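Report on one structure; see the data block that follows.
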Amino acid sequence: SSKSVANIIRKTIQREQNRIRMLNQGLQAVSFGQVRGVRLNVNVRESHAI
Amino acid sequence: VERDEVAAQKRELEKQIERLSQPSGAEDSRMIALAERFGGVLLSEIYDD
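First to last, the protein sequences are chains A1 and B1. Counting from 1236, one number per residue, gives the positions in the first sequence under the entry's author numbering. Counting from 644, one number per residue, gives the positions in the second sequence under the entry's author numbering.
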């Protein structure tokens, strides 16, 4: 059960990262003042990865 | 002798039960590494539902 829980957490994290990366493509090259692009950076915290 | 025979049957039963356990019951002994090492998905899992 613990192994399954870990695997499902990993799978959900991967899916969400993929979805956010997909969404990010639409905000490429937005010209606002000196701002030229916007990104939602998603990462896995080490304190929780371990 | 009866106890050992029953124990052998038992061990076979738990091995069979485990073989269907994770990630989706299959030849997970090496199928796991063979599956995540490459950007693919198990066919059985693909037809899981």
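Using N, Cα and C, we set each Cβ at its ideal position, and we do this for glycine too.
- Contact of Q665 (chain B1) with chain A1 by beta-carbon distance below 9 Å involves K1238, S1239 and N1242.
- In the structure shown, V1240 (chain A1) falls within a helical segment according to DSSP collapsed to helix, strand and coil.
- With a contact defined as Cβ atoms closer than 8 Å, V1273 (chain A1) and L1262 (chain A1) qualify at about 4 Å.
- Note: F1267 (chain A1) is bridge-paired with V1270 (chain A1) in the DSSP secondary-structure output.
- In this structure, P666 (chain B1) and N1242 (chain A1) form a Cβ contact; the two beta carbons are roughly 6 Å apart against a cut-off of 8 Å.
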